[PDB]
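These notes concern the structure reproduced below.
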Amino acid sequence: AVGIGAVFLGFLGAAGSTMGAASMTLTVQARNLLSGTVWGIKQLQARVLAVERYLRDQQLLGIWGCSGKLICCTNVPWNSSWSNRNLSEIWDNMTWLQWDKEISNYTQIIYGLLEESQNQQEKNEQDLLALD
Amino acid sequence: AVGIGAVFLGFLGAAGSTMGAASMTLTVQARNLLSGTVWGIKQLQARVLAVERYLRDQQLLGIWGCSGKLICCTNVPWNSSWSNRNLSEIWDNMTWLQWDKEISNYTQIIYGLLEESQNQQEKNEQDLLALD
Amino acid sequence: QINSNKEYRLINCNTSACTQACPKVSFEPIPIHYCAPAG
Amino acid sequence: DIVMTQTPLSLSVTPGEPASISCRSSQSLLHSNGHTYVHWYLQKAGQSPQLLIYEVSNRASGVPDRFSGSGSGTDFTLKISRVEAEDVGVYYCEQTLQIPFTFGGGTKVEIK
Amino acid sequence: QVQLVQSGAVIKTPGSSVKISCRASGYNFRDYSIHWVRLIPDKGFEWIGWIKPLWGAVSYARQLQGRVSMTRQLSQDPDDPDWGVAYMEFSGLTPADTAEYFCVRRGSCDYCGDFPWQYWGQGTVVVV
Amino acid sequence: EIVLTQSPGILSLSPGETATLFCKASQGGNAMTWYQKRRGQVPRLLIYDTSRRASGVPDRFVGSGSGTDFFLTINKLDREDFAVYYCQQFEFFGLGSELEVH
Ligand SMILES: *[C@@H]1O[C@H](CO)[C@@H](O[C@@H]2O[C@H](CO)[C@@H](O[C@@H]3O[C@H](CO[C@H]4O[C@H](CO)[C@@H](O)[C@H](O)[C@@H]4O)[C@@H](O)[C@H](O[C@H]4O[C@H](CO)[C@@H](O)[C@H](O)[C@@H]4O)[C@@H]3O)[C@H](O)[C@H]2NC(C)=O)[C@H](O)[C@H]1NC(C)=O
Ligand SMILES: *[C@@H]1O[C@H](CO)[C@@H](O[C@@H]2O[C@H](CO)[C@@H](O)[C@H](O)[C@H]2NC(C)=O)[C@H](O)[C@H]1NC(C)=O
Ligand SMILES: *[C@@H]1O[C@H](CO)[C@@H](O)[C@H](O)[C@H]1NC(C)=O
Ligand SMILES: *[C@@H]1O[C@H](CO)[C@@H](O)[C@H](O)[C@H]1NC(C)=O
């Protein structure tokens with residue numbers, strides 16, 4: 001029939017698959033990220049650590065150009081000193097966990113580059129809107 | 001004069017009115033949704049339940065096309081097996097509490113339909129942007 | 001033994017006076033499912 | 001393997017009386033995406049099986065209210081409300097929740 | 001489980017006064033009412049009255065007032081707080097009162113009145 | 001006072017058949033309870049709130065009806081079910097119908 005349990009995977013379902021098939025379904029890891037007298041305080045400090053580290057990822061996402069769009073292009077070019085890999089491989093050769101080792105030095109340079117490339121784009125949108 | 005207390009209602013003000021007059025003022029139920037040694041823990045588990053179930057509604061809203069727009073069209077058609085009602089009535093005949101009984105079986109089918117209709121629209125926006 | 005006659009004392013009476021266990025509670029093992037929090 | 005048992009074996013139903021065919025899985029069939037992945041099929045002898053009820057308590061695009069789906073976790077009932085002459089055939093219960101797809105043993109309904 | 005153990009059968013004289021224990025065990029005695037039903041031959045069942053054993057507030061039948069009295073005794077120790085005992089002093093007997101006496105209890109059921117009694121006593125027959 | 005009247009008196013049947021038991025009240029809009037008492041045993045509960053079942057009662061026991069009429073229908077009679085059956089509303093009991101073998 002229509003609707004089967006084969007290609008409709010679950011949480012962390014495509015965790016070994018290639019990036020071109022992991023970016024097909026990103027919402028399944030997205031929605032299970034917030035919901036799911038001293039052992040009540042083990043409940044409190046487990047809850048306010050979940051809603052805190054969710055908001056922290058929604059803030060670093062927020063101050064770039066991506067409010068809730070969940071996939072978004074940007075303006076910074078890709079300097080080959082970061083990864084030096086071909087484009088035609090890294091969407092069907094590697095997998096995401098193999099990528100996260102391959103780049104982990106160069107984050108906080110990209111995260112610093114993204115904020116300035118947004119705030120430069122933000123006021124330049126205003127200067128276009130101000131003259132007209 | 002200008003500015004009267006008649007049509008400027010309060011919290012849950014239009015709760016019996018029709019949908020065409022309840023969607024006139026949706027912000028009044030919106031803004032009173034977050035703000036307003038053991039009975040301090042009755043304060044803590046009342047606060048982190050308020051900010052948690054607010055973020056849960058802001059996440060289900062977020063992964064559809066509606067970041068903070070608070071009224072937004074979408075792309076899924078309205079299958080008449082859900083409601084089978086006329087359009088010309090349900091904005092001036094019924095009221096919202098009468099609607100919530102009339103549809104409550106068919107949620108989590110609509111909420112599942114909305115995520116796939118966004119993520120299909122999300123990557124197709126990228127494939128339009130990638131070729132040019 | 002506290003050292004005729006023969007009079008003893010409790011062994012934990014030196015250095016640690018300690019509680020009973022209420023016979024309402026029980027020391028049987030029940031299963032415990034450890035769960036990760038959100039995220 | 002998960003077991004799909006069908007009750008009863010065969011029913012001789014009168015045209016008009018509500019008929020019920022039940023099938024039970026080995027576990028619950030509710031998935032996190034929002035759909036219950038329990039289905040029901042109609043087969044005539046010498047004819048390929050056709051889907052009747054997908055995503056139960058919702059009708060398909062071409063079947064009337066003569067068929068119905070209801071139940072909960074591990075308990076699934078197919079209800080035939082109004083019996084016609086074309087209602088005869090063998091019905092099958094089948095899960096599309098997990099791999100593999102397991103089918104029912106078959107429930108024959110005949111005419112009197 | 002819930003168990004209600006009664007007292008044994010007696011042989012009384014017209015003008016005496018019985019006392020019928022009903023020892024409850026297996027549930028928290030400070031929560032659920034205890035009634036008393038008398039079963040007479042050729043008359044069917046007959047109610048007597050309940051006792052809410054938290055404080056001991058009773059209420060009898062209309063035609064048995066002045067002749068029945070129900071007390072209770074709780075369990076005043078934290079090592080075993082579930083058990084307890086209800087009583088019934090049925091005073092001023094008659095040869096027309098020889099019957100079987102049952103102590104009952106409602107069911108932990110929550111869609112369920114006080115009167116649909118689930119667990120029953122073993123039955124005490126009283127001959128006059 | 002609410003009075004309860006049981007209809008059939010002695011209802012004699014054979015095992016395997018289906019018996020009905022009709023009990024009539026005198027005040028509408030209430031619940032009903034059905035007590036089964038065997039010969040020389042402690043009575044037990046079957047029905048409360050006119051439709052539900054007690055703990056550990058087979059599903060051949062079913063009761064229905066509202067207003068002033070209340071039925072207790074037993075399908076597929078056993079050999080143990082030949083007992084006296086009692087109605088009960090709030091304190092008042094029926095006099096009890098009897099089930100006998102044929
Ligand atoms: C003392 O008085 C109180 C109220 O004054 C009575 O309480 C009501 O009793 C009735 C009947 O027992 C209850 O009605 C039952 O409700 C159940 C739950 O339904 C809920 O949801 C519906 C739909 O939203 C609401 O309309 C409803 O109010 C409930 O909130 C149903 O499951 C029941 O149906 C079952 O039983 C009937 C009759 O047996 C069958 O026909 C059905 O098919 C089904 O098997 C039933 O409808 C009612 O909920 C109770 N509460 C209230 C607040 O009204 C006491 O019964 C009464 N007690 C005595 C001893 O007299
Ligand atoms: C507390 O009391 C215990 C009980 O007597 C002492 O344990 C014994 O001490 C004597 C000392 O003369 C030893 O000969 C024994 O071998 C000890 N018994 C055991 C089982 O070891 C203990 O020394 C006391 N003091 C402390 C600090 O525990
Ligand atoms: C990251 O830097 C360390 C030293 O700074 C180096 O050893 C390591 O190889 C670098 N990672 C990659 C993937 O090159
Ligand atoms: C929702 O489903 C239940 C059974 O699944 C049904 O009884 C009820 O009528 C349905 N709700 C509506 C509004 O049709």
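Ligands are numbered from 1 in the order shown, residues from 1 within each chain, and chains are lettered A, B, ... in the order they appear in the structure tokens.
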Ligand 2: which residues are within 7 Å, counting only C-alpha atoms and all ligand atoms, as a ChimeraX atom specification?
-> /C:11,14-15
Keeping only N, CA and C atoms, take the residues you just selected and write them out as a PDB file, in the first residue's frame.
ATOM      1  N   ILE C  11      28.088  -4.716  69.203  1.00  0.00           N
ATOM      2  CA  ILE C  11      29.383  -4.506  68.563  1.00  0.00           C
ATOM      3  C   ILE C  11      29.484  -3.096  68.001  1.00  0.00           C
ATOM      4  N   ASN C  14      30.400   0.739  70.154  1.00  0.00           N
ATOM      5  CA  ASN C  14      31.576   1.564  69.972  1.00  0.00           C
ATOM      6  C   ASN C  14      31.455   2.285  68.640  1.00  0.00           C
ATOM      7  N   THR C  15      31.568   3.612  68.687  1.00  0.00           N
ATOM      8  CA  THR C  15      31.813   4.527  67.567  1.00  0.00           C
ATOM      9  C   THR C  15      30.673   4.748  66.576  1.00  0.00           C
TER      10      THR C  15
END
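Residues of protein, DNA or RNA lying at most 9 Å from ligand 3, when only C-alpha atoms and all ligand atoms are considered, are residues 82, 83, 101, 102, 103, 104, 105 and 106 of chain A.
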Students should find that CA of residue 93 in chain B and atom 9 (O, counted along the ligand's line) of ligand 4 are spaced 20.8 Å
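Residues of protein, DNA or RNA having any atom at most 8 Å from ligand 1, counting only C-alpha atoms and all ligand atoms, are residues 111, 112, 113, 114 and 115 of chain E; 29, 30, 31, 32, 49, 50, 51, 52, 64, 65, 66, 89 and 90 of chain F.
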Selected residues, N, CA, C and O atoms, written as a PDB file, in the first residue's frame, please.
ATOM      1  N   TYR E 111     -15.495   5.091  39.574  1.00  0.00           N
ATOM      2  CA  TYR E 111     -16.744   5.357  38.860  1.00  0.00           C
ATOM      3  C   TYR E 111     -17.887   4.681  39.589  1.00  0.00           C
ATOM      4  O   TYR E 111     -18.814   4.140  38.996  1.00  0.00           O
ATOM      5  N   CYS E 112     -17.815   4.725  40.915  1.00  0.00           N
ATOM      6  CA  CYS E 112     -18.301   3.622  41.733  1.00  0.00           C
ATOM      7  C   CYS E 112     -18.851   4.220  43.015  1.00  0.00           C
ATOM      8  O   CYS E 112     -18.109   4.859  43.764  1.00  0.00           O
ATOM      9  N   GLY E 113     -20.141   4.027  43.266  1.00  0.00           N
ATOM     10  CA  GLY E 113     -20.742   4.550  44.475  1.00  0.00           C
ATOM     11  C   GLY E 113     -20.243   3.843  45.719  1.00  0.00           C
ATOM     12  O   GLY E 113     -19.476   2.885  45.670  1.00  0.00           O
ATOM     13  N   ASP E 114     -20.690   4.339  46.870  1.00  0.00           N
ATOM     14  CA  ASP E 114     -20.274   3.718  48.120  1.00  0.00           C
ATOM     15  C   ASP E 114     -20.933   2.363  48.309  1.00  0.00           C
ATOM     16  O   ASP E 114     -20.375   1.491  48.981  1.00  0.00           O
ATOM     17  N   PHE E 115     -22.109   2.187  47.756  1.00  0.00           N
ATOM     18  CA  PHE E 115     -22.932   0.989  47.871  1.00  0.00           C
ATOM     19  C   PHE E 115     -22.602  -0.232  46.999  1.00  0.00           C
ATOM     20  O   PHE E 115     -22.910  -1.348  47.432  1.00  0.00           O
TER      21      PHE E 115
ATOM     22  N   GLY F  29     -33.689   7.269  36.736  1.00  0.00           N
ATOM     23  CA  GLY F  29     -32.453   8.019  36.771  1.00  0.00           C
ATOM     24  C   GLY F  29     -31.541   7.622  37.908  1.00  0.00           C
ATOM     25  O   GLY F  29     -31.207   8.444  38.763  1.00  0.00           O
ATOM     26  N   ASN F  30     -31.126   6.361  37.930  1.00  0.00           N
ATOM     27  CA  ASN F  30     -30.231   5.862  38.962  1.00  0.00           C
ATOM     28  C   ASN F  30     -29.310   4.823  38.336  1.00  0.00           C
ATOM     29  O   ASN F  30     -29.354   4.567  37.131  1.00  0.00           O
ATOM     30  N   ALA F  31     -28.471   4.225  39.164  1.00  0.00           N
ATOM     31  CA  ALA F  31     -27.612   3.134  38.741  1.00  0.00           C
ATOM     32  C   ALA F  31     -28.291   1.814  39.110  1.00  0.00           C
ATOM     33  O   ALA F  31     -29.450   1.800  39.532  1.00  0.00           O
ATOM     34  N   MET F  32     -27.583   0.702  38.962  1.00  0.00           N
ATOM     35  CA  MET F  32     -28.092  -0.603  39.352  1.00  0.00           C
ATOM     36  C   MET F  32     -26.907  -1.504  39.628  1.00  0.00           C
ATOM     37  O   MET F  32     -25.839  -1.335  39.042  1.00  0.00           O
ATOM     38  N   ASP F  49     -23.223   0.377  38.089  1.00  0.00           N
ATOM     39  CA  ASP F  49     -23.541   1.491  37.179  1.00  0.00           C
ATOM     40  C   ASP F  49     -24.246   1.011  35.909  1.00  0.00           C
ATOM     41  O   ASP F  49     -24.058   1.574  34.830  1.00  0.00           O
ATOM     42  N   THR F  50     -24.998  -0.089  36.035  1.00  0.00           N
ATOM     43  CA  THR F  50     -25.887  -0.728  35.057  1.00  0.00           C
ATOM     44  C   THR F  50     -25.158  -1.368  33.880  1.00  0.00           C
ATOM     45  O   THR F  50     -25.781  -2.105  33.113  1.00  0.00           O
ATOM     46  N   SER F  51     -23.861  -1.122  33.716  1.00  0.00           N
ATOM     47  CA  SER F  51     -23.171  -1.651  32.546  1.00  0.00           C
ATOM     48  C   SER F  51     -21.809  -2.260  32.821  1.00  0.00           C
ATOM     49  O   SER F  51     -21.412  -3.170  32.089  1.00  0.00           O
ATOM     50  N   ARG F  52     -21.072  -1.810  33.830  1.00  0.00           N
ATOM     51  CA  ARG F  52     -19.707  -2.271  33.985  1.00  0.00           C
ATOM     52  C   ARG F  52     -19.677  -3.629  34.676  1.00  0.00           C
ATOM     53  O   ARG F  52     -20.707  -4.195  35.042  1.00  0.00           O
ATOM     54  N   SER F  64     -27.887  -3.995  30.810  1.00  0.00           N
ATOM     55  CA  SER F  64     -28.187  -2.746  30.131  1.00  0.00           C
ATOM     56  C   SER F  64     -29.516  -2.224  30.648  1.00  0.00           C
ATOM     57  O   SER F  64     -30.039  -2.696  31.664  1.00  0.00           O
ATOM     58  N   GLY F  65     -30.070  -1.254  29.942  1.00  0.00           N
ATOM     59  CA  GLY F  65     -31.326  -0.639  30.314  1.00  0.00           C
ATOM     60  C   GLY F  65     -31.119   0.607  31.154  1.00  0.00           C
ATOM     61  O   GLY F  65     -30.156   0.741  31.907  1.00  0.00           O
ATOM     62  N   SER F  66     -32.054   1.536  30.996  1.00  0.00           N
ATOM     63  CA  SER F  66     -32.022   2.788  31.735  1.00  0.00           C
ATOM     64  C   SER F  66     -33.451   3.143  32.124  1.00  0.00           C
ATOM     65  O   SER F  66     -34.400   2.424  31.803  1.00  0.00           O
ATOM     66  N   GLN F  89     -30.413  -1.005  44.761  1.00  0.00           N
ATOM     67  CA  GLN F  89     -30.310   0.429  44.537  1.00  0.00           C
ATOM     68  C   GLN F  89     -30.243   1.157  45.871  1.00  0.00           C
ATOM     69  O   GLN F  89     -31.227   1.183  46.620  1.00  0.00           O
ATOM     70  N   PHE F  90     -29.045   1.634  46.194  1.00  0.00           N
ATOM     71  CA  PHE F  90     -28.686   2.613  47.230  1.00  0.00           C
ATOM     72  C   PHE F  90     -28.820   2.040  48.635  1.00  0.00           C
ATOM     73  O   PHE F  90     -27.946   2.323  49.466  1.00  0.00           O
TER      74      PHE F  90
END
Do a neighbour search on residue 14 in chain E at 8 Å with only C-alpha atoms, toss out local chain neighbours closer than 5 positions, and write the hits as a count of residues only.
-> 5
DSSP helix (DSSP H, G or I) residues within chain A, listed as a PyMOL selection string = chain A and resi 19-22+27-31+41-62+96-103+110-131
Residues at most 8 Å from range 18-31 of chain C, counting only C-alpha atoms, excluding those fewer than 2 positions away in the same chain, as an mmCIF file with N, CA and C atoms, in the first residue's frame?
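Generated file (around26.cif):
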data_model
loop_
_atom_site.group_PDB
_atom_site.id
_atom_site.type_symbol
_atom_site.label_atom_id
_atom_site.label_comp_id
_atom_site.auth_asym_id
_atom_site.auth_seq_id
_atom_site.Cartn_x
_atom_site.Cartn_y
_atom_site.Cartn_z
ATOM 1 N N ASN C 12 28.395 -2.551 67.479
ATOM 2 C CA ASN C 12 28.425 -1.216 66.914
ATOM 3 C C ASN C 12 28.273 -0.134 67.963
ATOM 4 N N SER C 16 29.561 4.009 66.637
ATOM 5 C CA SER C 16 28.499 4.253 65.654
ATOM 6 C C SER C 16 27.154 3.754 66.158
ATOM 7 N N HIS C 33 14.838 1.273 35.066
ATOM 8 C CA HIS C 33 15.191 1.620 33.699
ATOM 9 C C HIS C 33 15.818 3.006 33.720
ATOM 10 N N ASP E 79 4.598 0.746 62.090
ATOM 11 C CA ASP E 79 5.177 -0.480 61.559
ATOM 12 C C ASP E 79 4.177 -1.318 60.778
ATOM 13 N N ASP E 80 2.881 -1.053 60.926
ATOM 14 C CA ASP E 80 1.832 -1.851 60.301
ATOM 15 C C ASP E 80 0.546 -1.043 60.204
#
Extract, using only C-alpha atoms, all DNA, RNA and protein residues at most 12 Å from residue 105 in chain D, discarding same-chain residues fewer than 6 positions from it, and format them as a ChimeraX atom specification.
-> /D:3-10,22-24,90-94
Out of range 13-99 of chain E, which residues get strand (DSSP E or B) from DSSP, as a VMD selection string?
-> chain E and resid 17 to 19 22 to 25 34 to 40 44 to 47 49 to 52 57 to 60 68 to 69 72 to 73 84 to 86 89 to 91 99
Could you save those same residues with N, CA, C and O atoms as a compact mmCIF listing (two decimals), in the first residue's frame?
# COMPACT_ATOMS: atom_id res chain seq x y z
N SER E 17 -27.16 -9.12 73.71
CA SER E 17 -26.58 -8.15 72.80
C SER E 17 -25.31 -8.73 72.21
O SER E 17 -24.33 -8.94 72.94
N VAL E 18 -25.31 -8.98 70.91
CA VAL E 18 -24.15 -9.58 70.26
C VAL E 18 -23.08 -8.52 70.04
O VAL E 18 -23.30 -7.32 70.20
N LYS E 19 -21.89 -8.99 69.67
CA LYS E 19 -20.81 -8.13 69.20
C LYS E 19 -20.06 -8.89 68.13
O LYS E 19 -19.54 -9.97 68.39
N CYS E 22 -15.10 -7.39 62.73
CA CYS E 22 -14.85 -7.48 61.30
C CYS E 22 -13.46 -6.89 61.06
O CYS E 22 -13.32 -5.68 60.90
N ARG E 23 -12.45 -7.75 61.04
CA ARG E 23 -11.06 -7.31 60.98
C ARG E 23 -10.64 -7.14 59.53
O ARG E 23 -10.58 -8.12 58.78
N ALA E 24 -10.34 -5.91 59.14
CA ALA E 24 -9.97 -5.59 57.77
C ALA E 24 -8.45 -5.60 57.64
O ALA E 24 -7.75 -5.15 58.54
N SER E 25 -7.96 -6.11 56.51
CA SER E 25 -6.53 -6.14 56.26
C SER E 25 -6.28 -6.15 54.77
O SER E 25 -7.07 -6.69 53.99
N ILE E 34 -17.13 1.10 55.79
CA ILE E 34 -17.47 -0.28 56.10
C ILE E 34 -18.95 -0.31 56.40
O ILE E 34 -19.41 0.38 57.31
N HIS E 35 -19.71 -1.09 55.65
CA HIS E 35 -21.13 -1.21 55.91
C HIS E 35 -21.40 -2.52 56.63
O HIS E 35 -20.47 -3.25 56.98
N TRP E 36 -22.67 -2.80 56.87
CA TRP E 36 -23.08 -4.02 57.53
C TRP E 36 -24.42 -4.45 56.95
O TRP E 36 -25.39 -3.71 57.03
N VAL E 37 -24.46 -5.63 56.35
CA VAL E 37 -25.66 -6.14 55.70
C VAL E 37 -26.11 -7.38 56.43
O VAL E 37 -25.32 -8.29 56.67
N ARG E 38 -27.39 -7.42 56.79
CA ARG E 38 -28.00 -8.57 57.42
C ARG E 38 -28.85 -9.29 56.38
O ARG E 38 -29.65 -8.65 55.69
N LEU E 39 -28.66 -10.60 56.26
CA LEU E 39 -29.42 -11.41 55.31
C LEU E 39 -30.39 -12.31 56.08
O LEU E 39 -29.96 -13.25 56.74
N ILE E 40 -31.68 -12.01 55.96
CA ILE E 40 -32.72 -12.78 56.64
C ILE E 40 -33.36 -13.72 55.63
O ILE E 40 -33.60 -13.30 54.49
N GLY E 44 -34.97 -11.54 52.01
CA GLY E 44 -33.90 -10.98 51.23
C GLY E 44 -32.90 -10.26 52.11
O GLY E 44 -32.88 -10.40 53.33
N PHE E 45 -32.04 -9.48 51.46
CA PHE E 45 -31.05 -8.70 52.18
C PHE E 45 -31.71 -7.55 52.93
O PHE E 45 -32.85 -7.17 52.67
N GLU E 46 -30.96 -6.98 53.87
CA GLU E 46 -31.39 -5.77 54.55
C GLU E 46 -30.16 -5.02 55.02
O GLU E 46 -29.23 -5.62 55.57
N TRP E 47 -30.17 -3.71 54.81
CA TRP E 47 -29.07 -2.85 55.22
C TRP E 47 -29.15 -2.55 56.71
O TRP E 47 -30.21 -2.67 57.33
N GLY E 49 -26.19 -0.16 58.37
CA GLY E 49 -25.59 1.16 58.44
C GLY E 49 -24.10 1.09 58.24
O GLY E 49 -23.47 0.05 58.42
N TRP E 50 -23.53 2.23 57.86
CA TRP E 50 -22.11 2.29 57.56
C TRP E 50 -21.34 2.90 58.72
O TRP E 50 -21.92 3.39 59.69
N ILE E 51 -20.02 2.85 58.62
CA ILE E 51 -19.13 3.53 59.55
C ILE E 51 -17.91 4.04 58.79
O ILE E 51 -17.11 3.25 58.29
N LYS E 52 -17.80 5.35 58.67
CA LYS E 52 -16.64 5.94 58.03
C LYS E 52 -15.49 5.95 59.02
O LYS E 52 -15.46 6.81 59.91
N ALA E 57 -17.60 8.28 62.13
CA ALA E 57 -18.94 8.82 61.89
C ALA E 57 -19.83 7.73 61.32
O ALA E 57 -19.56 7.21 60.24
N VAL E 58 -20.89 7.39 62.05
CA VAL E 58 -21.78 6.32 61.66
C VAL E 58 -23.13 6.91 61.26
O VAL E 58 -23.41 8.07 61.51
N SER E 59 -23.96 6.07 60.64
CA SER E 59 -25.36 6.39 60.39
C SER E 59 -26.09 5.09 60.17
O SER E 59 -25.70 4.30 59.31
N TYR E 60 -27.15 4.86 60.93
CA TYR E 60 -27.82 3.57 60.94
C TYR E 60 -29.03 3.60 60.03
O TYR E 60 -29.27 4.56 59.30
N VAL E 68 -28.56 -0.57 67.56
CA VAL E 68 -27.30 -0.91 66.91
C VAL E 68 -26.28 0.15 67.29
O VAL E 68 -26.63 1.31 67.53
N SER E 69 -25.02 -0.25 67.41
CA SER E 69 -23.93 0.68 67.69
C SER E 69 -22.66 0.13 67.08
O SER E 69 -22.30 -1.02 67.35
N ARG E 72 -15.06 1.49 66.07
CA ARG E 72 -13.91 1.01 65.33
C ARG E 72 -12.66 1.17 66.18
O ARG E 72 -12.65 1.91 67.16
N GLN E 73 -11.62 0.45 65.80
CA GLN E 73 -10.31 0.57 66.43
C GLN E 73 -9.28 0.63 65.32
O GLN E 73 -9.23 -0.27 64.48
N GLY E 84 -6.96 -3.05 60.73
CA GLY E 84 -7.90 -2.39 61.61
C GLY E 84 -9.03 -3.35 61.90
O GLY E 84 -9.00 -4.51 61.50
N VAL E 85 -10.04 -2.84 62.59
CA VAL E 85 -11.18 -3.67 62.95
C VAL E 85 -12.40 -2.77 63.14
O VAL E 85 -12.31 -1.70 63.75
N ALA E 86 -13.51 -3.17 62.55
CA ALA E 86 -14.80 -2.56 62.82
C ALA E 86 -15.61 -3.49 63.72
O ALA E 86 -15.35 -4.68 63.80
N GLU E 89 -22.42 -3.61 67.76
CA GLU E 89 -23.14 -4.09 68.93
C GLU E 89 -24.62 -4.00 68.61
O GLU E 89 -25.21 -2.92 68.60
N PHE E 90 -25.22 -5.14 68.32
CA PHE E 90 -26.63 -5.22 67.98
C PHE E 90 -27.37 -5.58 69.26
O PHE E 90 -27.26 -6.70 69.75
N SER E 91 -28.09 -4.61 69.82
CA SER E 91 -28.67 -4.75 71.14
C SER E 91 -30.15 -5.08 71.06
O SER E 91 -30.84 -4.68 70.12
N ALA E 99 -30.38 -14.42 61.77
CA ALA E 99 -30.04 -14.18 60.37
C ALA E 99 -28.53 -14.35 60.21
O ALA E 99 -27.84 -14.86 61.09
What separates CA of residue 81 in chain D and CA of residue 49 in chain D is a distance of 20.7 Å
For residue 46 in chain B, list every protein, DNA or RNA residue within 12 Å, evaluated using only C-alpha atoms, and leave out those in the same chain fewer than 6 positions away; present the list as a PDB file with N, CA and C atoms, in the first residue's frame.
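New file part_18.pdb:
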ATOM      1  N   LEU A  44      14.537  18.604  37.948  1.00  0.00           N
ATOM      2  CA  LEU A  44      14.613  20.019  37.594  1.00  0.00           C
ATOM      3  C   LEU A  44      15.907  20.345  36.865  1.00  0.00           C
TER       4      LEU A  44
ATOM      5  N   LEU B  34       3.478  33.745  28.655  1.00  0.00           N
ATOM      6  CA  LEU B  34       4.762  33.446  29.263  1.00  0.00           C
ATOM      7  C   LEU B  34       4.945  34.140  30.601  1.00  0.00           C
ATOM      8  N   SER B  35       4.665  35.437  30.673  1.00  0.00           N
ATOM      9  CA  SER B  35       4.811  36.155  31.933  1.00  0.00           C
ATOM     10  C   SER B  35       3.589  35.955  32.820  1.00  0.00           C
ATOM     11  N   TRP B  39       7.999  25.598  49.212  1.00  0.00           N
ATOM     12  CA  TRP B  39       7.096  26.380  48.380  1.00  0.00           C
ATOM     13  C   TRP B  39       7.838  27.348  47.474  1.00  0.00           C
ATOM     14  N   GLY B  40       9.169  27.318  47.500  1.00  0.00           N
ATOM     15  CA  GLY B  40       9.938  27.835  46.392  1.00  0.00           C
ATOM     16  C   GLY B  40      10.119  26.813  45.293  1.00  0.00           C
ATOM     17  N   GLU B  52       8.562  25.752  29.365  1.00  0.00           N
ATOM     18  CA  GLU B  52       8.765  24.558  28.557  1.00  0.00           C
ATOM     19  C   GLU B  52       7.623  24.361  27.577  1.00  0.00           C
ATOM     20  N   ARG B  53       6.382  24.497  28.041  1.00  0.00           N
ATOM     21  CA  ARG B  53       5.260  24.289  27.137  1.00  0.00           C
ATOM     22  C   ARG B  53       5.024  25.499  26.246  1.00  0.00           C
TER      23      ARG B  53
END
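Near range 58-62 of chain A, within 12 Å and counting only C-alpha atoms, sit residues 30, 33, 34, 51, 52, 53, 54, 55, 65, 66, 67, 68, 69, 70, 71, 72, 108, 110, 111, 112, 114, 115, 118 and 119 of chain A; 55, 58, 59, 62 and 67 of chain B; same-chain residues fewer than 3 positions away were not included.
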Could you tell me how far CA of residue 104 in chain D lies from atom 10 (C, counted along the ligand's line) of ligand 4, in Å and to one decimal?
->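 Computing the Euclidean distance for CA of residue 104 in chain D and atom 10 (C, counted along the ligand's line) of ligand 4 yields 27.3 Å.
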Taking only C-alpha atoms into account, report as a list in words which residues of chain D lie within 7 Å of chain B.
->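 Within 7 Å of chain B on chain D, we get residues 33, 34 and 35 of chain D.
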Report the closest atom pair, with its distance in Å rounded to one decimal, for each residue of chain F that has an atom no farther than 8 Å from chain E; count only C-alpha atoms, sort by chain and then rising residue number, and write it as a tab-separated table.
residue	atom	partner	partner_atom	distance
F:33	CA	E:116	CA	6.5
F:42	CA	E:122	CA	6.5
F:43	CA	E:120	CA	7.7
F:44	CA	E:118	CA	7.2
F:45	CA	E:118	CA	6.1
F:48	CA	E:116	CA	6.3
F:49	CA	E:112	CA	7.3
F:54	CA	E:118	CA	7.7
F:90	CA	E:115	CA	6.0
F:91	CA	E:47	CA	6.1
F:92	CA	E:46	CA	7.3
F:93	CA	E:45	CA	6.1
F:94	CA	E:44	CA	7.2
F:95	CA	E:44	CA	5.2
F:96	CA	E:44	CA	7.1
